[PDB]
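Notes to accompany the following structure.
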Amino acid sequence: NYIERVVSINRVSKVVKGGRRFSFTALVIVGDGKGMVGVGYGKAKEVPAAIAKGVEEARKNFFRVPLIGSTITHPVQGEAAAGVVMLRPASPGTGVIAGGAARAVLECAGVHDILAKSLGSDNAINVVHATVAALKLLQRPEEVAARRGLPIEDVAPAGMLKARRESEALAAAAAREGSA
Amino acid sequence: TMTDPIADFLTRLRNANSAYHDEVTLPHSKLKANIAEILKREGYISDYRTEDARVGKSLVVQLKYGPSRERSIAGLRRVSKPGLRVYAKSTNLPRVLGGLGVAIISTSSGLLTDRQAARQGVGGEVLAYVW
Amino acid sequence: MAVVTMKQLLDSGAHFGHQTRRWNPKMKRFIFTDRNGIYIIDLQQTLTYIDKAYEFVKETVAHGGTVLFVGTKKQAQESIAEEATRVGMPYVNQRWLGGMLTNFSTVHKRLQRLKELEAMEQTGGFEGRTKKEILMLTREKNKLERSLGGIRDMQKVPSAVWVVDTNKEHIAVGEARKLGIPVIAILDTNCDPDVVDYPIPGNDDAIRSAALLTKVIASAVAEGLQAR
Amino acid sequence: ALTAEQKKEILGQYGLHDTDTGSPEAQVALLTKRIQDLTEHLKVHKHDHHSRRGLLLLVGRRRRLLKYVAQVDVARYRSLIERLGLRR
Amino acid sequence: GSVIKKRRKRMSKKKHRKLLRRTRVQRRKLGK
RNA sequence: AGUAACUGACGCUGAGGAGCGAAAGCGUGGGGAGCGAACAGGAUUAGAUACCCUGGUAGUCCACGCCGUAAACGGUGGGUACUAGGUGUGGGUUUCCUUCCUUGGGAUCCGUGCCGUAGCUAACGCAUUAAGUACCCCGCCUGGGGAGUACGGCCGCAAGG
RNA sequence: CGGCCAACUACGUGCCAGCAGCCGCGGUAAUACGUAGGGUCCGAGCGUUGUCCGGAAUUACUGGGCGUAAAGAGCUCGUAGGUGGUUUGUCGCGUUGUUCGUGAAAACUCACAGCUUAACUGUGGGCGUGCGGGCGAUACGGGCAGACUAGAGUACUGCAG
């Protein structure tokens with residue numbers, strides 16, 4: 035039950051003694067819609083073979099995306115070969131305000147109301163890595179309190195707890211209203 | 002020559018933290034002594050000590066690392082550098098890591114952090130971010 | 001818990017291993033002093049990790065964790081040959097052909113070809129053709145039994161904790177780490193201790209320290225083999 | 002350069018006590034003696050371009066020291082200039 | 002870098018000095 | 001480099017400004033063995049204003065001035081603090097054995113090389129002599145040609161900058 | 001009505017006629033040129049021009065760079081300027097809290113009301129990011145009067161070039 039987003043198809047061709055040696059590459063992203071995404075680069079001689087090989091590589095590169103409700107915790111800015119992305123949280127009811135390659139990763143993780151920007155290279159491959167690096171630089175409310183050796187409320191702000199606390203109650207009741 | 006001992010206090014800590022050093026020896030000063038107090042209370046370092054040396058005193062800062070050998074400081078940044086002084090009014094204060102990271106602000110009431118200035122309504126000159 | 005007596009550790013010697021040109025440590029507890037140009041391995045830090053590793057394998061093997069056999073350096077091959085044969089396990093002596101645990105979709109069919117050729121040989125297909133093919137048939141059979149020996153019984157998505165020749169098979173330990181069940185080794189003093197969760201200080205050239213260490217773990221995994 | 006006795010004569014006569022060697026009085030008095038000797042050398046070795054640079058690195062220092070005396074005290078700055086014969 | 006950029010600028014330099022040489026006496030006339 | 005005797009922040013950078021600045025080149029006066037732009041022939045070639053060969057003048061040299069530009073390159077501005085090491089080499093100091101010399105080893109200060117972590121880079125690669133981590137001050141960049149050209153101005157005997 | 005970019009086929013000529021914001025479509029068979037048939041976006045409106053902002057983090061304070069892509073002056077000395085080791089005493093200029101006066105209406109906000117709804121109109125807060133007074137505060141920068149020796153500079157003894 036993962037949504038799959040193909041973001042690029044490029045036909046690369048090595049030149050050999052008799053001509054060229056064309057081949058295809060794909061950059062599909064696989065995401066579960068709740069905060070686990072992975073990227074995958076599959077190269078093959080045919081596009082349906084390339085899209086497939088990218089997929090099996092993607093499913094094995096999953097990693098948790100720390101969410102509060104349906105939006106990331108704090109502003110962040112990661113980097114890749116030359117890509118720069120500016121993930122920043124937003125209030126509920128905003129939509130995924132992101133560009134070309136950043137949308138695919140963000141809409142596969144399941145973040146819903148986030149602001150982004152692409153401040154560097156505009157490649158499909160590099161921007162995908164840049165947003166992944168920015169998402170890996172993310173923290174958690176209970177994790178930071180663990181590092182600094184303090185109770186949670188002395189570290190994270192009151193508004194951050196309210197949003198986190200509310201998300202528990204809304205998710206819990208709808209879960210027990212569909213299971214019980 | 003040296004133009005910002007507050008800056009080298011932070012860059013010694015950043016270099017030493019990345020290299021997994023366990024002690025950092027710095028020249029001692031009243032301003033640097035007070036900053037180390039805030040880092041200890043907010044829980045970013047373990048302990049600090051003011052000893053003596055050939056000509057003056059000396060600060061040693063016992064750094065803290067996690068039980069699985071992970072860092073306790075995600076980074077440090079100097080804000081108000083010489084040649085561009087950054088003062089924050091009491092109603093527009095900076096917010097590091099959204100609300101998780103913390104800042105050090107030098108105001109008339111003493112070296113206070115980000116949350117303390119909001120609870121007391123005073124403002125002053127920003128010094129640095131630690132998160 | 002020391003199986004070998006404390007005084008006989010002094011008679012055995014624990015101050016060997018390398019010179020001051022190829023030391024690459026990052027821990028200031030594993031450096032005692034510097035004399036003779038040879039660093040001093042601390043016995044206290046050796047026995048602490050020895051007991052911790054002894055307990056961890058004890059918990060692992062009682063529940064049913066597996067560790068397989070490997071070895072390539074010239075002062076450890078003949079040691080494990082006796083131990084493996086007594087315990088019945090096979091061993092690999094020459095080649096950890098790089099990319100064997102990740103590439104089980106290629107080396108598995110090699111185990112099929114051997115069993116296809118072995119079943120071909122048990123049938124008695126000898127002289128229907130030239131003998132050059134059968135000469136190379138036994139050459140690759142011996143090559144496969146020389147390079148891949150312990151893979152005969154597993155069929156169980158292996159667990160790997162043993163590491164041999166850390167420094168010179170530095171990419172053989174990576175291929176284990178892509179699916180990295182925790183690993184142990186006899187510490188090469190030029191190898192970074194932090195990467196391996198149980199860096200056991202030993203000697204990278206001495207057969208006495210090589211054989212005794214793998215004999216201790218071989219006995220430890222044996223008691224858990226008996227008490228299944 | 003200056004012999005040890007040549008310096009010891011200038012040092013005592015200009016210094017503020019029987020021990021000083023780094024007072025601004027002592028250094029300006031020493032540098033002025035070195036400069037007057039060097040520019041006597043450059044009057045017959047016109048092309049000594051590398052030794053003229055050493056002359057320039059000393060006059061720059063002497064002006065640097067003289068500026069310190071004038072800042073810390075005007076009376077002691079005038080007393081040094083007149084006793085040595087400089088202009089600024 | 003590459004030498005093509007240098008011999009691209011070198012030709013404009015070489016051509017211009019030729020122009021000054023050819024018009025050396027005429028320039029000193031209209032310069033009065 | 002050693003001793004810390006001496007003053008007690010006197011530091012750093014530095015718009016304009018000033019000095020120094022390979023080679024070629026200019027002026028006045030000397031000098032000129034070899035080498036030699038220009039210039040003659042000889043040869044190769046379809047053609048040789050060239051490579052090759054035989055000759056040869058300014059120059060190359062000295063004294064006093066001028067010019068002020070080079071791939072004037074580590075193509076890397078100056079100062080300061082921190083961040084694993086291994087091996088060479090050039091200066092100055094000293095403990096462990098002493099033959100009582102020194103490549104005996106040990107430690108520390110200052111240069112100069114090769115390799116190699118963390119980190120950085122588009123990559124090549126840099127990596128305690130950073131292109132790593134930070135602070136201060138200056139110069140410079142903003143698509144390629146037109147063009148570092150024209151016009152105006154400053155400097156220069158001129159070439160020209 | 002190609003990708004951007006919401007919307008595709010037949011027919012008439014084929015380097016012509018033409019289209020065209022960029023890549024680019026027309027060398028007698030085109031989703032891109034005229035013609036019809038369908039389709040999308042709007043709608044008393046729809047397109048093209050001219051101008052500005054945006055995307056352009058493409059003058060970057062927020063928010064960039066200089067080894068090889070454009071970018072470190074050929075190198076030093078130094079004027080104005082910028083910048084400032086440890087510490088004690090003091091002022092309150094910068095900095096900061098509160099208070100008073102202003103910051104005139106409309107405008108853009110928020111709330112409410114009235115035009116049959118809206119456009120439009122009215123009432124009350126917010127704003128008016130600042131300026132001039134009084135009352136504190138003294139952590140930082142700074143002015144003043146001091147104090148140290150770790151920076152910098154002298155001294156003495158050697159040393160290499």
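Protein chains in written order, with the deposited numbering: chain k, 35 to 214; chain n, 2 to 132; chain h, 1 to 228; chain v, 2 to 89; chain 1, 2 to 33.
Beta carbons: idealized from backbone N, C-alpha and C, even for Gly.
| query | result |
| --- | --- |
| Mind checking residue 126 (chain k): buried by the 16 CB within 10 Å criterion, or exposed? | exposed |
| Let me know the secondary structure DSSP gives residue 218 (chain h) once reduced to three states. | helix |
| Quick one: give me the first and last residue of the alpha helix (DSSP H) that residue 194 (chain k) is part of. | 192 to 213 |
| Cα separation between residue 130 (chain h) and residue 136 (chain h)? | 11 Å |
| Closer than 9 Å by beta-carbon distance: list the chain k residues that pair up with residue 73 (chain n), in chain order. | 181, 182 and 183 |
| With DSSP run on the structure shown, which of helix, strand or coil describes residue 56 (chain h)? | helix |
| Any beta carbon from chain k within less than 8 Å of residue 125 (chain n)'s own beta carbon? | no |
| Skipping 5 residues on each side, what residues in its chain have a beta carbon closer than 7 Å to that of residue 137 (chain k)? | 130 |
| Could you name the residues of the stretch 74 to 107 of chain n whose beta carbon sits closer than 7 Å to any beta carbon of chain k, in the order they occur along the chain? | 98, 99, 100 and 101 |
| Along the beta strand (DSSP E) that carries residue 105 (chain n), what are the first and last residues, could you check? | 103 to 108 |
| Measuring only the C-alpha atoms, how far is residue 62 (chain k) from residue 97 (chain h)? | 32 Å |
| Once you ignore the five residues that flank residue 27 (chain h) on each side, which residues in its own chain have a CB closer than 8 Å to its CB? | 193 and 194 |
| Could you check whether the stretch 197 to 207 of chain h touches the stretch 171 to 186 of chain h, counting it as contact only if at least three pairs of C-beta atoms, one from each stretch, sit closer than 8 Å? | yes |
| Report all residues from its chain with a CB closer than 6 Å to the CB of residue 40 (chain n); omit the five preceding and five following residues, and keep chain order. | 46 |
| Can a CB atom of chain k be found closer than 8 Å to the CB of residue 43 (chain n)? | yes |
| Closer than 8 Å by beta-carbon distance: list the chain k residues that pair up with residue 67 (chain n), in chain order. | 181 |
| If I measure Cβ to Cβ from residue 172 (chain h) and keep anything under 8 Å in the same chain, skipping five residues before and after, which residues do I get? | 96, 98 and 165 |
| Would you kindly work out how many angstroms separate the C-alpha atoms of residue 19 (chain 1) and residue 11 (chain 1), rounded to a whole number? | 12 Å |
| Residue 130 (chain n): buried (16+ other C-beta within 10 angstroms of its C-beta) or exposed? | buried |
| State the start and end residues of the unbroken alpha helix (DSSP H) segment that holds residue 120 (chain h). | 104 to 123 |
| Assuming residue 118 (chain n) contacts residue 124 (chain n) (C-beta within less than 8 Å), just tell me the rounded distance between them. | 6 Å |
| As an exercise, report each continuous beta strand (DSSP E) stretch of at least 3 residues that is fully enclosed by the stretch 144 to 220 of chain h, in chain order. | 184 to 187 and 198 to 201 |
| Would you mind working out which of 191 (chain h), 77 (chain h), 208 (chain h) and 100 (chain h) sits nearest residue 160 (chain h), comparing C-alpha positions? | 100 (chain h) |
| Output yes if chain n places a C-beta closer than 8 Å to the C-beta of residue 128 (chain k); else output no. | no |
| Give the DSSP-derived three-state secondary structure of residue 69 (chain v) in the structure shown. | helix |
| Within its chain, find whatever has a CB closer than 8 Å to the CB of residue 101 (chain n); leave out the 5 residues flanking it on each side and keep chain order. | 132 |
| For the putative contact between residue 106 (chain k) and residue 81 (chain k), defined by C-beta atoms under 8 Å, what is the C-beta separation to the nearest angstrom? | Not quite, the Cβ-Cβ distance comes to about 33 Å (not below 8 Å), so this is no contact. |
| Give the interface partners of residue 190 (chain k) over in chain n, defined as CB-CB distance under 8 Å, in chain order. | 100 and 101 |
| For the alpha helix (DSSP H) that contains residue 182 (chain k), what are its first and last residues? | 175 to 182 |
| Could you tell me the boundaries of the beta strand (DSSP E) in which residue 28 (chain n) lies? | 24 to 28 |
| Buried or exposed: which applies to residue 36 (chain h), given that a residue is buried once 16 or more other Cβ atoms fall within 10 Å of its Cβ? | exposed |
| Tell me, which residues are paired with residue 48 (chain k) by DSSP? | 55 (chain k) |
| To the nearest angstrom, report how far apart residue 74 (chain h) and residue 15 (chain h) are at their CA atoms. | 21 Å |
| What does residue 178 (chain k) touch in chain n if you count any residue whose Cβ is under 9 Å from its own? | 75, 98, 101, 102 and 132 |
| Would you mind telling me which residues of chain n sit closer than 7 Å to residue 108 (chain k), beta carbon to beta carbon, in chain order? | 98, 99 and 101 |
| Kindly say whether residue 70 (chain k), judged by its beta-carbon, lies nearer than 8 Å to any beta-carbon of chain n. | no |
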